[PDB]
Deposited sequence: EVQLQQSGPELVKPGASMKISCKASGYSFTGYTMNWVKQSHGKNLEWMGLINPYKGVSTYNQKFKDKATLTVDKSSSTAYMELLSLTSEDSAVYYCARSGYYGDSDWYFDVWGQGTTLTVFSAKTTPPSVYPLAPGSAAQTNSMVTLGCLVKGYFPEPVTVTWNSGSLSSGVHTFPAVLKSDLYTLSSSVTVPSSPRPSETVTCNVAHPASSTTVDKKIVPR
């Protein structure tokens, strides 16, 4: 079926540049306009700019005229956004949205991508620190000190609270007897039981 597939999450140091790819499949790539939409500040969707894949010309939102540069590789059917001198404000989820070629159907986006999450920060993949919470019965499991977002904290291999940030590390406060913390960021797997 018609499908747009995006690169994947990226951790980029501030002041650098990152190039994002949206590989189009299942349709004639050059017969449709591709738009870029940024979802930052919680849920705020903003339209960044569109690229005409057949001609290569691009139109931009005046807000993002200096932050993005749209390029298209017609051979591999992939679209590109490059984010220039990205600051902490550029941490968001960037979407690629297909729309029509001509002015009659190019203002609505029929096919969307999954979206790539950029985390503009200066931090390193610290291994996680784990704490048991003891007073069926409520039993807790704190996970601390891991910078990259992905983490899976199950119970015995429940409300897996979303990660938060007060210092430059994430923290997942799983709840529920062994707690299992898988850390695909720094490749750490730690198990611990709850004994008061």
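If you line the structure up with the deposited chain, the stretches without a C-alpha atom are 136 to 143, 166 to 171, 191 to 201, 222.
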